[PDB]
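Residue numbers (the UniProt record's numbering), protein chains in the order written: chain A, 47 to 172, 183 to 455; chain B, 47 to 172, 183 to 452; chain C, 90 to 171, 183 to 452; chain D, 201 to 251.
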Amino acid sequence: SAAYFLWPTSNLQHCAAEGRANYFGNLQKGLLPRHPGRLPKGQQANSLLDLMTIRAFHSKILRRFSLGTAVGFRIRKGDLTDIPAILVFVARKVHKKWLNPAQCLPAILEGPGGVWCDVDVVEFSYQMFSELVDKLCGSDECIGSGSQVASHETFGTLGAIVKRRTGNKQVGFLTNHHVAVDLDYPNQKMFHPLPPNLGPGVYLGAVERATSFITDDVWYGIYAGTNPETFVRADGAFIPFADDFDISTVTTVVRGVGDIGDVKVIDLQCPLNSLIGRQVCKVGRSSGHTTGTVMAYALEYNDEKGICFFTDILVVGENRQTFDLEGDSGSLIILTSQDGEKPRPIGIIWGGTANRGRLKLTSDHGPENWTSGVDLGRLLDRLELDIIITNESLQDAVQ
Amino acid sequence: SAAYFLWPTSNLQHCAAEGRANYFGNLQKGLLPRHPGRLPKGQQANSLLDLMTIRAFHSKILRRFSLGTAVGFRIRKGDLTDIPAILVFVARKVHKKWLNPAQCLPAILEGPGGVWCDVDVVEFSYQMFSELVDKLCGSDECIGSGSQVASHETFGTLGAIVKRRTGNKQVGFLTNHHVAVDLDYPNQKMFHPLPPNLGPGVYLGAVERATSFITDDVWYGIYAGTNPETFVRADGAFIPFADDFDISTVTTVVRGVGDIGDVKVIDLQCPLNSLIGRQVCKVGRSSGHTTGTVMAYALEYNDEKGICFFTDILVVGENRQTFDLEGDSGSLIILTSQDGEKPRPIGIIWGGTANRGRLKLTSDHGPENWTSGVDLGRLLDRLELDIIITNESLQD
Amino acid sequence: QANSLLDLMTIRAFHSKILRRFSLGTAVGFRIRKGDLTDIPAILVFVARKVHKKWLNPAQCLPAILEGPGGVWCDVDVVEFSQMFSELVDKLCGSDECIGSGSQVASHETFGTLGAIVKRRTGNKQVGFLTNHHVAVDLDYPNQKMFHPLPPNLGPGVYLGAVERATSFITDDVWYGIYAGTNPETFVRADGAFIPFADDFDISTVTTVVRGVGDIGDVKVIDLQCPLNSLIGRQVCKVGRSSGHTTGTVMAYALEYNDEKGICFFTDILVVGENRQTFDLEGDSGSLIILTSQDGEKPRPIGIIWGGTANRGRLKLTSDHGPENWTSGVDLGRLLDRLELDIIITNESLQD
Amino acid sequence: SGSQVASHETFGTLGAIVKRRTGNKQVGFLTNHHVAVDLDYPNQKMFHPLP
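So, in C-alpha cells, the structure goes:
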C-alpha cells in the first residue's frame, strides 16, 4: 500500500442540505396546537425514535434554553421513572414564577401525528492499585481485552480481539483513535506494554484502518435534526497482528468479568426500557472492574460554529462511584449478565471524559459524573470488524 | 460520507522483505566476475534504471560515507557535462591523500551486468512585490493556477484547474496537503483569499481526497534499495468546487508564463539528458515568475531510525537566484517553452525546503538553494484526476 | 550458598560488567517475592516496569543462578524502583527546655534533625551535635549558621554550630572492605556529621536521651560476614521532626543507582516503614534508626537518614497496593571511624 | 601556512613554518590559543583537515 487520507470534517453540501428541510416542514404541520388538559389522544412516545422525532421536535424552543437535549426516561425525585421523555438538560434547574415567562419550557412538546413528549429539567456540566490491573499492564503471560498498549507517544487499552470481514481476515484488536493514528511517521507501531524507547516490550502490529467522523443520515438512519451539518463522531482502528508474534499467548477472555456473549445491537424500534435502565460493566487498565447503568442514549451538542455532534451512549456509575478515569478510553463496555445469560458488549468507551461532564441532581448529593461511548455494532459494519468471543475462535481463523 | 484515515503503508513487513533478496545474492546479484584492464565495456548508456540499479547495489558502501546520493551528471569544475554519474552528497571534500583509506570513494562501482558507475563530490549542508503577485492575493477578477488559497489556519497556492477521472467527474483545483489536511483533525473548506475570521473572501469548496506517503515499489516501479521500509513523499488534495460559486469566472491560464500544454511524464528509460539540464519555470504567490534548471533526480536519504526517503526532483535556479521562498508550496513547475513548443508541466512544488543540504561548490560563489517536488505524472495517477488547460474544456 | 558479606560483595564486583544494563540499579540484601522475604539470599534486580519474562529478550532476561570466584553460588529475582501534630514536633522544635536526639536544626533556608552526641579521640574531644551534609553545606556557603526552631532571620534566633568538618568524598576500598564496582570512578555518598555546640552555649540542659524510645545501646559495627539475621529483615524505629514515631524494616544494602549520567554511588542501608505508611518525610534527614530492643537488651542505632527520599522514588511490592516509599541511610559504624568520634548513650560522663 | 589546523574544540589556521633555537633545532608551527588549547588540555591534539 502506501498511505491514503480521505474526507476530513468537510463534504456532502447543497442537494441534500435541502432534502433535510423538506421532511422537516412539518414539526407542527400535523396536529392540533397546544390543547392542555389531557394526553394528546394520538398516543405517546413509545420508543427512542418515537421520541427522537420530538426534540428533534420544537427544537427552536428547546434548543433556545438549553445545552443539550437528550432522550431518556422522565427522571423525577431522583430515580429514573418509567415514562419516556426529553431531558432539556440545563445549566441549573430553577423555580417557576421567578422566571421571565420562558425558562422552564413546557413539559408537553407535541409531535408528527399526535405524539406528545415529556419534559423534566436536570442540570449538566462539562490508578486504583490492585491485582487485576498490575497484570494487564504487561505482567501476565497472555494478552487480550484490557491489556495495556502504546505506540510512540500515547497510552491506550486493548479492546476486543477482532478479525476482518473481507478478503484477508487478519486478526488484531479494536482500539480507539487518539492512541492509534498520527502522521509524522510513515507507519504506526504499537508495543505492549511499552515501546523500546520507554522500556521493555514486544511488537504488536500496525494501523491499517481508521474512522473519526460519520454523518448521521447514514449512521442513525434518520435526519434527526434541522441543521444539516451533522457528524456522529465514532472511533476505531483495526490493527493486524505481526507475522513474528506468537499467537499462542493471546487470551480471548475479559480478565475480571467472565465470558462474553456475542453482541448487543441497538435498534431504535423496541421497548424503551430494553437498553435504558440496564446495569453495565467494564474492564479497563485505569479502574479495574467497575459497574454502572445506561442513563440516556443519543446525546446532542451543537457548538458555536454550528457543527452537530451526537455521542451515542451516556453511562453513569453505580453506588456513587466513577465508571472510568483518563486512560480507560478503549475498553469495552459490557452489559451485565441478566441472571444466567452471558454478558454482552454494547459499546467501546470513547473516553472517560476526565472531568468533561457532570449529570447533577437537586438531591442532597454531590455532582456525580458520567461517561461516553459508541454504538458497537454500527461501528462493526463501518470498519468491517467482528467480535471474537470463544478462546477456540482465536486459533480457528488464524489457523 | 464521513471521515476515514487508511494507511496500509504496512504493506510490507514479511511476505515482501525477503522478496528483496533479489538485490543481493539472488538473480540480480553476483554477476560475471569483474575486470580491470578491460574497463567495464562502457556501460551502455541512457538510463535511470541503468544508473539507479547500480547505486541501489552499493547503498551500504555509499551510506558509510555520505549525506544522501542522487542520480545526476558528473559535475566537474562547476558546469554540467554529459557523462552519467551519481552525486554522493557529503559534508566536505578535503584533500586526496590525508584521508583514511576511504573518504573520497572509488569512482568505479559496478553493477548487475558489467556496468560501472561514476561518483562525484559536491558537499551538502543539513514578499517580492511587483504586479504578478498582487493580482493573485485578492486584487483580481479571475481565479486559477497560481492564486492564493487559505482554509482556516494556513495559506497555500492554487495548483491547477483539475477534474476527477472517475465517478461524477467534479471540477476543482489540486493544491498540496497542508493547504488543507494536516494532522489531529482534517482541513476542510478553502477560502479565497482568506476565511471570514481573517478578512474578506469567498467560498470555493471542500477537500475530498488526498495522499501523503507511497512505497518505493509502486511509485517508481523498482525496489531501488535494500532497506525494506522505503517511502515516497507525495502531496495532493482534490477539492471539488462549490455549487453556489460561479465557475464562469475561472481562468485555466497561468498569468505570467502563458498557456501550458499537457503533462510531461518521466519514464526512467530514455536518453538521460532529456529531463536533466532542462530549463523550467513556475508561477507563485510569493516569488512571482522564476526560472531554473533540473540538477538531479531521485534524491535518497534514510534517517536515523532507518527508513529511506526518496524526494524525486531537484531544481536549482538560474543566474545564482533562488527558485522560490516559503510561500510557494503548491505551485506548478513547467518545462520552459522549447523553441516554439508549448510548455508542459512536470511536477507540483513540494515546498521550498532548500535547507536539508544546499547544493554547494568549490567555485568562488556561495551555496545555491534548490527545490523538491513530486513528478506530477504519478501523483495525478493516484488521486485519479487530470489537468484542464483549454479554456473551453473547462466548460465541458 | 551465600552467607557472608563478601559472599555477595565480591560476586557483585566480578559480574558487575555482566550486571546492570537491563535496568538501572540493583540491591543485594535478600530475595523478596510473594509479598515478603524468605531466607534465600539473592541479587534482586530493580526494574522500571515488571514485565513477565515472556515479554523479554533472552540477553536482557533474568539469570536465575550466578556463580563466581571460589565455588559459591547465589540467586536473582526482581523488584520495582522509581503533617505530624504530635508531642515531639512541639517539644523538639521549641516548647521543650532541652535538646534530645532529634531536635530540629534550623539552617538559613533548610531544616534538618538532631542526631546523636559527638566526641573525639585526638587532641581535644570537643563536644558538638552532629547532623547531615546538605542542611549545613550549601552550594553558596562554605560554612553555615545552625540554630534551634527557625533561624534568626525568620524567627527568634539562638544558635549551635558552624562547620569545620565537611568530608565529601570517601574512598571506596577503605570503606566497603573490598572492590565493590567494576566501574573505575565511584567515590562514596558520604554525608557526614560532626559540628560544634558553639563554645559557650549552655551544657547544663543538654541531655543524653532520645525522647520517645529512651536509653539506646551504642554504635553497632556492621558485619554481614556473619548470618543474614544481623542486618537483613530486622525491625527498626523512627523518631523525627516531620514523621513521628514509626517502625520500619530493613530490606536493602549498598544498592547503587544511575540517576541521569549513570553516577553509581553507595546508597547504604535502606529501610521501609511498616503497615504501608511512609517512614519519613521532608526535613527529617538527621534522624537515627535504632535496631529494636531485642528482649530487654538496650537498643542500638545503626542507621542515620541520609536524605529526603520521599520525592525520589518508590518500590512497589504488587501486593494489591500502591508503590510505597523507601528511605536511604548511612552506616554509623563507618562514619564513627570516618570522623574521629565517640557516641555517648549516657549522661553521667558527658563532660568527663 | 594559511591552512587550517583544527582538532575538536574549535578551528584555527596555521601560524607559520618556524624553527626553535634552544632545544634541539627542530621544525614546527605556531598557534594562537583562544581558538584552541587554552586550559582544558594543554596536551591535546592539533589536527589538519578535520579530527
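From the three backbone atoms N, C-alpha and C, an ideal C-beta is built for every residue, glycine too.
- Look at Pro249/D: its C-beta is under 7 Å from a C-beta on chain B.
- Below the 9 Å Cβ cutoff, chain D contributes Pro249 and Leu250 as neighbours of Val140/B, in chain order.
- Here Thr213/A is buried, its C-beta having at least 16 other C-beta atoms within 10 Å.
- For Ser419/B, the CB contacts under 6 Å within the same chain, skipping 5 residues up- and downstream, are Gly124 in chain order.
- Only residues of its own chain outside the window of five on either side were considered, and among them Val372 and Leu415 have a CB closer than 6 Å to the CB of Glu424/B, listed in chain order.
- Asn283/C and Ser105/C have their C-alpha atoms some 8 Å from each other.
- Residue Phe51/A holds the alpha-carbon nearest to the alpha-carbon of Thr55/B among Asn57/A, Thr55/A, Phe51/A and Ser56/A.
- Residue contact check for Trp144/B against chain D: a CB pair falls below 7 Å.
- Each of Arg110/A, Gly312/A and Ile270/A was checked against the Cα of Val134/A, and the nearest Cα belongs to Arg110/A.
- Residue-level contact check: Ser195/A touches chain C, since one or more beta carbons of chain C fall below 7 Å from its beta carbon.
- Following the DSSP letters along the chain, one finds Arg110/B in no beta strand (DSSP E) but inside the alpha helix (DSSP H) bounded by residues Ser105 to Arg110.
- Under DSSP, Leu415/C takes part in a beta bridge, and its partners are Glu424/C.
- Neighbourhood of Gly422/C in chain A, by CB distance below 7 Å: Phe185, in chain order.
- Annotation for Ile121/B: the continuous beta strand (DSSP E) segment containing it runs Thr115 to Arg122.
- Taking a contact as a CB-CB distance under 8 Å, the pair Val235/D and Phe211/D counts as one, their CB atoms being some 7 Å apart.
- Residues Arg412 and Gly413 of the same chain have their beta carbon placed closer than 7 Å to that of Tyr172/A, with the five preceding and five following residues left out of the count.
- Taken through DSSP and simplified to helix, strand or coil, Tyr357/B comes out as strand.
- In the three-state reduction of the DSSP assignment, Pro252/B falls in the coil class, being assigned neither a helical nor a strand state.
- When the Cα atoms are used, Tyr279/C and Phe287/C turn out to be separated by approximately 12 Å.
- DSSP places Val189/C inside the alpha helix (DSSP H), whose first and last residues are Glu187 to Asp190.
- Between the segment 71-80 of chain B and the segment 298-308 of chain B, the count of C-beta pairs closer than 8 Å stays below three; the two stretches do not touch.
- By alpha-carbon distance to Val140/C, the top candidate from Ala262/A, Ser195/A and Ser203/A is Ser195/A.
- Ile303/A carries a helical assignment under DSSP once its states are collapsed to helix, strand and coil.
- Going by DSSP, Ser203/A is part of no beta strand (DSSP E) at all; its letter is neither H nor E.
- For the 7 Å CB-CB criterion, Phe297/C and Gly383/C do not form a contact.
- Of all C-beta pairs linking the segment 423-438 of chain C to the segment 394-406 of chain C, three or more are shorter than 8 Å, placing the two stretches in contact.
- Here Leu391/C is buried: its Cβ has 16 or more other Cβ atoms, across all protein chains shown, within 10 Å.
- Contacts between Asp190/A and chain C, judged by CB atoms closer than 9 Å, involve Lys139, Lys416, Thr418 and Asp420 in chain order.
- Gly383/A has a beta carbon lying at 7 Å or more from every beta carbon in chain C.
- Going by DSSP, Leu370/B is part of no alpha helix (DSSP H) but of the beta strand (DSSP E) stretching over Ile369 to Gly373.
- When the beta-carbon positions are compared, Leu370/A and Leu355/A come within less than 7 Å of each other.
- Per DSSP, reduced to three states, the secondary structure at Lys338/C is strand.
- Here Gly76/A is exposed: its Cβ has fewer than 16 other Cβ atoms, across all protein chains shown, within 10 Å.
- Interface with chain B (7 Å Cβ-Cβ cutoff): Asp299/A is included.
- Under the Cβ distance rule, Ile154/B does not count among the residues neighbouring chain A, no pair being separated by less than 7 Å.
- Sequence-distant partners of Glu169/A (beyond 5 residues in either direction) whose C-beta falls short of 6 Å from its own C-beta, in its chain, are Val136, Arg138, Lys139 and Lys416.
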